[PDB]
Amino acid sequence: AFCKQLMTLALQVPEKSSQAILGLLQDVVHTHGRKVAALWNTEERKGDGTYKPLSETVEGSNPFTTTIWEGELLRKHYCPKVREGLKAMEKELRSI
Amino acid sequence: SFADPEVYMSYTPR
Amino acid sequence: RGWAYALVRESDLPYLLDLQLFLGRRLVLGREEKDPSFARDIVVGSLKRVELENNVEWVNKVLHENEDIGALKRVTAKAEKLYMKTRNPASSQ
Amino acid sequence: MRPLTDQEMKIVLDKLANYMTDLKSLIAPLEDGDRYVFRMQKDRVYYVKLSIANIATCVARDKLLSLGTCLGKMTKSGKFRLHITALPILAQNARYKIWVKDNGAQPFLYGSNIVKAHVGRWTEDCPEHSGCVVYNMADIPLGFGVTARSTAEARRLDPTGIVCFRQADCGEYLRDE
Amino acid sequence: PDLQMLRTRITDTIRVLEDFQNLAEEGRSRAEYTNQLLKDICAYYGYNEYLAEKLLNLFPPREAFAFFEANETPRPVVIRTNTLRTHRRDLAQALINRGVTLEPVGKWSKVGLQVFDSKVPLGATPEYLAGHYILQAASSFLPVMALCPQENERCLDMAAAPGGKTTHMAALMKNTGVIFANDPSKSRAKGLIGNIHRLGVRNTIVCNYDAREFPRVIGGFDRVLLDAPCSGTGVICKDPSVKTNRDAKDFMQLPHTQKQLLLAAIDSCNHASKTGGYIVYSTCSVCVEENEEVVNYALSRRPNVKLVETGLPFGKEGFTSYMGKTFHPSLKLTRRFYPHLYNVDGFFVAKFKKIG
Amino acid sequence: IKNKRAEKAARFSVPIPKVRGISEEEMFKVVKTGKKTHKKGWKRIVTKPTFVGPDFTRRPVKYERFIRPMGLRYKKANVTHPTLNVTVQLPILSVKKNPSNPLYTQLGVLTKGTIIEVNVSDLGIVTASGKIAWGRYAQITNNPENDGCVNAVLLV
RNA sequence: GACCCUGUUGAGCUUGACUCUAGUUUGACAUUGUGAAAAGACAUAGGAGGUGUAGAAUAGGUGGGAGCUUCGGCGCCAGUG
RNA sequence: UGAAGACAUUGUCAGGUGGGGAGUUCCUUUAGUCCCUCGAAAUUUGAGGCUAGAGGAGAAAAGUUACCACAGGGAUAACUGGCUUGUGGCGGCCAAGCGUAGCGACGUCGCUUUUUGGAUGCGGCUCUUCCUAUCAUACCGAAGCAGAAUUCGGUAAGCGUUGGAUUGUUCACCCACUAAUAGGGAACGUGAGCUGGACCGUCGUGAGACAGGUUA
C-alpha cells in the first residue's frame, strides 16, 4: 500500500522530492523484493477483491488486487534524473 | 482420427 | 558411425518393446520392409540357420569336452535363474 | 435468520479477540457505505455483508443453508466455538503465528498437535496459552489453536513435545464431502 | 454370444454401410444393414434399443463408433485453479515439487490444469485443503466461460450441487456481488457449502427451493446460469447407469422440466441492466430432444429474449434441423460438445440476452 | 458375466490417476506422534471385518477413534440369486443395517444376517418398468470373522 | 482389558401454534414537460431466401396430381428417406 | 428571491420473508370415479382439484443417542483344563431315516476361480532327559521303476542330526558342506545354567502443566 501511494506521490510531486522517493522505492525493492514483486507482475495479481484507493486503513486498502502502472508516466516525466532513477527501479525489478 | 488435433487432451504425457 | 547388435530372447521381448517406447522408433519384425533403416528403425530378425547350427554344435562340443567350461556354464545358469528372479518387472501393455 | 443479541456478540467478540488483534476494522464500514454484520441461522454464526443479508431475507428460514462465512457454532451450554470455516478472518488479522514444516503440516492436516520437532519458525514473546494461527513456510493458512507453552519453554522443550494444541484443521473439508 | 465376433461384425457392417453402392449383397437393404448394426452395437456396448437408436441416428457411422468408444473410455483428470487464492504457474510448480504430473489444460482456458498421474492423493494436498484448486471438468468449465460475470452483479446459479460452477463464477467476480446458489436437495447442499467454504467465497447464499420458483422468491437477477438436470448422455463413463436407464417416458418427462426451468430463468432475468441481462443454459446430454428443442420453446414462447454468441473457443456447430423438426435459424450460434472430437464430456451451451 | 467383464477390461483400459490415501493405522500413529500423553486404551481396533468404500476419508470426531484395519476391510461379496439360481462375485456398495449394533452399522461392521447394498449390474435384472437394476439388498448369511469371505443372498 | 448406568460437556437429530404487521425485499402503475440523436415491436408495398443424416442434388410446409407439354425434355415407376 | 433537476423522493396494487411487535385458541403419501382445471406432446403425459387415513401454550426452551471428553457409581475379576491335530464358507439339486409341510450326511453345480509357464514388529547359547507327528541309516509295499538317481506310503526313536547371506529379530527364498545335517515337551514361573508406576492439590477447559505433595 505504501509503495503504490508513494508512486502516486512521485507522479504528483516536485522533481527533487520525486527522485527522493524514487531512490527510496529503489531501497525498498532492494530490501524486500519478492514481497512486493506481485505489485509489478500482473499474472501474480490477486483476484480477491477490488483495490480501494480512499481507504481508512492500510489493510482495508487491498493492495495486491492492483499493480504498479506508474512507469508510463515516470519514464516521460521531464526530469532526466527522475528517469534514471526509474530505469534503475525497473532494472532491479528485472534483476530480482 | 475423428478428433480435433488442436485441442484433444490426450492420455500419455505429451 | 557405430554398430550395435543386441541379442534378445522371448522373455526379454517385453523389455525390447519398452526400449521401443522409450526411443519412439518404429519396429520392423523380420523382413516386413524391403530396406529397413537399421539406424532409425528397431529391426528384429533371426540368423543364418545353417551356420547358427554349426556354431551351436561347436558350443555343445566344447561344453562336453572342457570340464572347466561346463562348470562355468552351470554357474552362469544358476546366476541366470537368480538374476531373472531379482530383475525388475516389465509393463503389462 | 436473526441478528445476534448483546450477550451473544459479547461471547463471539471474546473469542475473536482471543485469537485476533483488530476488530474495529472487522466492523468498519466499506467504501460503498456497507458494513459486515453478524447473523444466527439454526445454531451457526455467520459473517456477511449487510447488503447480502438484506437480499437473502426472502429465503424462508427452513430454506436457508449458508450466508457469507460461517464463523462457528453456539453450543447447548451457550459457549462459542470457532471453525476451519472461520480460519480466513483469523489469518487476515491474527495475533500470534506459528509456522510448521511439511512433515508436521501433513500431521496437522490429519489432526495432530504440533511439536517442537516439526516447528520451524516462531513468534517471539508468545504467552503460554495464546492464540496462534498455523501456517507453513509457504504462508498458506492451515489452521488455528492454543499454544501449549510460552516461547522460552518451547525453545527448551524436548523436540518430541507438544507446543500447540490443535483446535481446527483443514481436514474437516474432507469430512463434509 | 462372442462379443469379439460381434464387434468384428460391427466393423464389417460399418464398412458395408459406408460403401453400400460398391460393396453390397444380393438383396439386403440400407434398413436391414442399419438394423443389424443396431442389434450388434446394442449387444456389444450394452445400450437400450431406444437410446442406441437416438445416438446412431444422431451420428454418422464412423463418428458414432468413435463416440461410443469415447463413452466407454474414462477421461484424464483436470483441476481448476482458484484465482481467489493463487495462480496457475505457482500451483503447477507446487504440485510438480510435490510429485504430480501436470500440464496446461489448453490455450482455451487460463484457469485450468490437466492432471495425468501422481504418487500422492490429489484429494489430500495442503493447497487443496486450503482451497487452491478444485477437481472439476472442462465440460463444466465451459458454461461459466459462456456466462462471464463481471464484478458487482447479482447472479443466480440454478443447480449447484458440486459447486464448481458457483466457485468459478465467484472467482471471476473477485468475491464481489451476490450469488444465489439454489440446489433442490439438502444432501448435495452440504457438500456444496463445504466446497464454497474451502474455496473461500463470501458472496454466496445457498438455498433449497424448487428452482421453478425463483421469479416468485426474488426475480430480477443480473445474470442467470442453469445447468439443467438431464439424461446425462454425455457422462456415460462417469455414470454407466444411463446406458439403459433412459426410456421414452424419461425422454418425454425430462424435457418438460427443462422447458419449465428455462422459462423460469427467462422470467427471473432482468432486461434493464447496466452490465448484463444474460442467461446461460447448459445440459450434460447430447440429445436434440433435450438440448435444442428447449431453446426453441424459449424463443417461440418468450419473444423478449434473443440468442447471442457464446464466445466459447471450439466445437462443432449446433443442429439447425433434425427429423421433421425445423428450428429457428438462430440456433446455429448454440455450440455443442462431444467426447470423441474433444476429450471433453458431451454438453450443450446456449446463451441468451433479454431485451424486454 | 465373466466374458463381459474380461472384454471390457481387456480393451477399454487407459491410464488414469488412481492412488489410495494413506491408511487409518499410520494416520493414528501420526496423531500419536502429535499427542504425547497416551490415555490408557485410547485406541480400540475394530476386529470384526469392515467395508469402507472411499480410499481416504476424514471421519468426524465422534467416530475418529475406531480403527478399521486394511487386512480386515472387504470390498466384494459372493451374492446368490435364488430364482436365477447363480452365485456371482459382486462389489459391495454400502452397509444399510447391521442388526446387532447401530454403531456397527455406522462403522461398516460386516456380520451375519447383515443387510448390504450390492451392485447387481452384471446380472441384468429387469424391473416392472422394464428397467435394469443397478443395486439391491442382500443379506449376508455367514460369519466373515471366522470364514475369510463374505457370502450374501439377494433379497428379490 | 472389557460391560451397564448417572451428572456435566462436545458432536448430531427433532419440536419449538395460528392471524395481521414494523423492518426487509421484488415487480407493475402514476406525477411529467419541451426538443433532438439512436434501437425495437407494430403498417403496407416490394425484393431475397431455406444446405442434421440418407438421397445424384439447398426437401419451407400443405393440397390436390398421372400425365405434362415453347412438344424434348421430363413425370410416373426403382430407390434413399 | 436563487440552485438542483424530468433522475430522485413519494403514493396505490400484486407478491417473498419475517426467531421482532399486537391479538386468539400450506404443501407430501396412500386407494378410488377414469369426475374437473393448468402445462407439455400429438394419437399421450406431468402438476393440482374431490372423497378419508397418514406428517409437519409455542422463541421460553423442550425431547433424544448401544457416540465423544471428564467425574463417579454397579457388576465382573484371571483363566484353560479327556482342551488340541488334515481336508473353507454360502446357496441349489439329490437324499436314509424321522415326521406327517420341517430336519437332513456323502457327492455334484455356482462364487472365490483362469483359453498359452515378501511376511513378521522378546531373542539367542551349553548340557540332561522324554515323545514321534522320521531328515539320515535298517527292512518292506506301490510307481515307465530298463540301469542310475528317485517319488509316495508302511514298521520303526537303536544310532546321528548344521553352516552362510539378509533383517531390530525370525521365517520364507537362495547359497554350502554333510549319510542327513527332522519337529517338539520338561506343564499359569514352559528342564539346569548364561546373555542381550498411582493418589491427591493448584492453575487453565476446544488441549494440559507443575524441582507441588504423598506412596506400594
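Throughout, a per-chain count from 1 in the order the sequence is written supplies the residue numbers; the entry may number residues differently, and those without coordinates are omitted. Whichever chain is written first is A, and whichever ligand is written first is 1; the rest continue in order. Any value you read here covers just the chains shown, which are one part of a larger assembly. Water and hydrogen atoms were dropped before computing side-chain values, which therefore reflect all heavy atoms in the structure.

Method of structure determination, per the deposited record: cryo-EM was used for this entry, reaching 3.1 Å resolution.

A. Region of interest: the state of the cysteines. Here, the term disulfide refers to a pair of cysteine sulfur atoms separated by no more than 2.5 Å. In total, this model carries zero disulfides over all chains according to the counting rule given. E:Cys230 provides the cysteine sulfur closest to E:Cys284, a residue in no disulfide bond, and the two sulfurs are 3.4 Å apart.

B. Seen up close, the sheet that holds strand β2 (residues 36–41) of chain D. All names here are of chain D. Any two strands between which DSSP finds at least two bridges are classified as paired. Helix and strand assignments follow DSSP, with helices taken as H or I runs no shorter than four residues and strands as E runs no shorter than two, numbered in order from the N terminus. Spatially, five strands are ordered β1-β2-β3-β5-β6 in an open sheet, and the strand pairing comes out antiparallel. Edge positions in the sheet fall to β1 (2–3) and β6 (80–82), since each has one partner strand and no second. Pairing analysis gives six bridges linking β2 to strand β3 (residues 44–49), with the strands arranged antiparallel. Looking at the pairing, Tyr36 lines up with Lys49 of β3.

C. Representation of the environment of D:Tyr46 within the structure. Residues and elements named next belong to chain D. Summarising the element assignment, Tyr46 is placed in strand β3. In the structure, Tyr46 is positioned 26 residues away from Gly72 in sequence and 7.5 Å away in space, judged by C-alpha atoms. Whether two residues touch is decided by their heavy atoms; if any such pair falls within 4.5 Å, the residues are in contact. Dropping the residues within four chain positions of it, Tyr46 is found in contact with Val37, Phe38, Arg39, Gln41, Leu65, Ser66, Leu67, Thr69, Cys70 and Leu71.

D. Just the packing of helix α1 (residues 2–11) of chain A against helix α2 (residues 15–31) of chain A, in detail. Residues and elements named next belong to chain A. Closest axis-to-axis distance for the α1/α2 pair is 9 Å, and the angle between their directions is 155°. Looking at the two axes, α1 sits roughly antiparallel to α2. Considering the relative orientation of α1 and α2, their crossing is left-handed. The segment α1 lies against α2, with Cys3, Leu6, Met7, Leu9 and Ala10 engaging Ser18, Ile21, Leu22, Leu24, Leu25 and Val28. When residue character is reported, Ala, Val, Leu, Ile, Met, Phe, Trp, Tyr, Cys and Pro are called nonpolar, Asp, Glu, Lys and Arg charged, and the others, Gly included, polar. Its residues assigned to classes, the contact of α1 with α2 shows ten nonpolar, one polar and no charged. Comment: axis = line fitted to C-alpha atoms, over the contacting stretch for helices; angle = value between 0 and 180 degrees taken between N-to-C directions. Orientation is classified from the angle alone, with under 35 degrees giving roughly parallel, over 145 giving roughly antiparallel, 65 to 115 giving roughly perpendicular, and any other angle giving oblique. For any helix crossing, the convention is left-handed if the near helix is rotated counterclockwise from the far helix by under a right angle, and right-handed if that rotation is clockwise.

E. Local environment of the packing of aromatic side chains. Working definition: rings of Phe, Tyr and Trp (its six-membered ring) pair if their centres are within 6.5 Å, and the pair is stacked with planes under 30 degrees apart, edge-to-face with planes over 60 apart, and tilted otherwise. The full count for this structure, using the stated rule, is 28 aromatic pairs over all chains. Between E:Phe67 and E:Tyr338, the aromatic rings sit 6.3 Å apart at their centres with planes inclined by 75°, giving edge-to-face as the arrangement. Taken as a pair, E:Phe67 in helix α4 (residues 61–72) and E:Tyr338 in the loop between β12 (335–336) and β13 (348–354) lie far apart in primary sequence, 271 residues in all. Relative accessibility under 20% of the residue-type maximum defines a buried residue, over 50% an exposed one, and the middle range a partly exposed one, all with a 1.4 Å probe and only protein chains included. Judged by relative accessible area, which is 5%, E:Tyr338 ranks as buried. Centroid distance E:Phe314 to E:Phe337: 5.8 Å. Interplanar angle 70°. Geometry classified as edge-to-face. With E:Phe314 in the loop between β10 (305–307) and β11 (316–317) and E:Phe337 in the loop between β12 and β13, the pair connects residues that are 23 residues apart, well separated along the chain. Since its relative accessible area comes to 10%, E:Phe314 is described here as buried. Using a relative accessible area of 1% as the deciding quantity, one classes E:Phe337 as buried. These aromatic residues form a ring-pair network of at least three members: E:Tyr44, E:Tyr45, E:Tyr47, E:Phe59, E:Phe65, E:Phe67, E:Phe68, E:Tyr338 and F:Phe12. Cation over ring: F:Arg44 sits above F:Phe66, and NZ or CZ is 4.1 Å from the ring centre. Sitting over a ring, as applied to charges here, requires NZ of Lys or CZ of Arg to be within 6 Å of the ring centre and within 35 degrees of the ring normal.

F. Local environment of the protein's contact with RNA strand G. One heavy atom within 4 Å of a molecule or strand is enough for the residue carrying it to be called near that molecule or strand. Around RNA strand G sit 19 residues in total, of which D:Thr75, D:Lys76, D:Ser77, E:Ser29 and E:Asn57 are the nearest. Sugar and phosphate atoms represent 69% of those atoms of RNA strand G found within 4 Å of the protein. With respect to RNA strand G, the side chain of D:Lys73 contributes an N or O atom lying 3.1 Å from a phosphate oxygen. As used in this structure description, the phrase polar contact means that two N or O atoms lie within 3.5 Å; if the pair is within protein, one of them must be able to donate a hydrogen and the other to accept it, and residues adjacent in sequence are counted only when both atoms belong to side chains. E:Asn57 places a polar main-chain atom, nitrogen or oxygen, 2.8 Å from a base nitrogen of RNA strand G. The residue makeup of the surface near RNA strand G, split by class, is five nonpolar, eight polar and six charged.

G. Local environment of the sheet that holds strand β4 (residues 86–97) of chain F. Residues and elements named next belong to chain F. With mixed pairing, the five strands of this closed barrel are ordered in space as β3-β4-β5-β6-β7. With direction set aside, neighbouring strand axes in the sheet form an average angle of 50°. The pairing of β4 with strand β5 (residues 114–118) spans four bridges and is antiparallel. Directly across from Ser94, in β5, lies its bridge partner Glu117.

H. The arrangement of the protein's contact with RNA strand H in detail. RNA strand H sits among 49 residues. The nearest are C:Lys78, D:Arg149, E:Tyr297, F:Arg65 and F:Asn78. Measuring from a base nitrogen of RNA strand H, one finds a backbone N or O atom of D:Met1 at 2.9 Å. A distance of 2.9 Å separates a phosphate oxygen of RNA strand H from a polar side-chain atom of F:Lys2. At four residues, helix α11 (residues 248–268) of chain E tops the list of elements feeding residues into the surface near RNA strand H. Its residues assigned to classes, the surface near RNA strand H comprises 14 nonpolar, 16 polar and 19 charged.

I. Here's a closer look at the arrangement of the chains. Take the seven pairs of chains in contact: the one carrying the most contacts is chains D and E. No interface is formed between chain C and chain E, the nearest pair of C-alpha atoms being 16 Å apart. For chain C and chain F, which are not in contact, the least C-alpha distance works out to 10 Å.

J. Seen up close, the packing of helix α7 (residues 138–146) of chain E against helix α8 (residues 164–173) of chain E. Residue and element names in this part refer to chain E. Running from N to C, α7 and α8 point in directions that differ by 40°, and their axes come no closer than 9 Å. Taken together, α7 and α8 sit at an angle that is classed as oblique. At the point where α7 passes α8, the crossing takes the right-handed sense. Contact residues: α7 offers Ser140, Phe141, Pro143, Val144 and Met145, while α8 offers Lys165, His168, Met169 and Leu172. Its residues assigned to classes, the contact of α7 with α8 comprises six nonpolar, two polar and one charged.

K. Representation of helix α4 (residues 102–110) of chain D. Regarding α4(D), the residues found buried are D:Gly104, D:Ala105, D:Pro107, D:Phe108, D:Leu109 and D:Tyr110. Looking one or two places after α4(D), you find D:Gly111, whose phi comes out positive at around 105°.

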